[PDB]
Amino acid sequence: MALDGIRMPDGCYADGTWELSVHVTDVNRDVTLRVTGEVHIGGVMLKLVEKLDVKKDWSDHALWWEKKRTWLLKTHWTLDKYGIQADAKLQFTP
């Protein structure tokens, strides 16, 4: 047996979290975010700009979404808010 855990992410959900992949269009390079349905979109870029270090603009830049080739600006719509999972491939764009 094994206690349970099935109640907490110790067996309840899969890994209890996931990652994200970003793509820099117009530049053709790529970077990925390590986050969950909790990172603010306005945080997805920071969590990303924060990951990098060559001093990249924060809000000025934008993430192009291959799903609808649109852009993610407001944080009010977290990835999860949109219903995004780890099967969501993001992009980066000016």
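Along every chain, residues receive numbers from 1 upward following the written sequence, which is not necessarily the numbering found in the entry; those without coordinates are excluded from display. Note that water and hydrogens are dropped before the side-chain values are worked out from all heavy atoms of the structure.

Looking at the entry header, you'll see solution NMR listed as the method.

Undergrad: An account of the overall build of the chain is requested, with residue identities and associated values reported.
TA: Each helix corresponds to a stretch of at least 4 residues labelled H or I by DSSP, and each strand to a stretch of at least 2 residues labelled E; elements are numbered beginning at the N terminus. If you tally the helices and strands in the chain, you get two helices and four strands. Listed N to C, the secondary structure of the chain is β-β-α-β-β-α in terms of helices and strands. Along the first, second and third principal axes, the C-alpha set of the chain runs to 55 × 30 × 25 Å. Only protein chains enter the area calculation, which uses a 1.4 Å probe; residues under 20% of their type maximum are buried, those over 50% are exposed, and those in between are partly exposed. Evaluated residue by residue, the chain yields a buried proportion of 33% over its 94 residues. When contacts within the chain are restricted to residue pairs at least 6 apart in sequence, long-range pairs at least 24 apart make up 52% of them. Only carbon and sulfur atoms are counted for the fraction: they give 55% of the accessible area of the chain, which is about 6,600 Å². A positive count includes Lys and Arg, and a negative count includes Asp and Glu. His and the chain ends are not counted in either. To locate a charge, take NZ of a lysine, CZ of an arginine, CG of an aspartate or CD of a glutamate. Taking the 13 positively charged and 14 negatively charged side chains of the chain as two groups, their mean positions are separated by 4 Å. Any two residues having at least one pair of non-hydrogen atoms within 4.5 Å are treated as being in contact. In these tables, accessible area is a Shrake-Rupley quantity obtained with a 1.4 Å probe, and a residue counts as shielded only by the protein chains included in the view.

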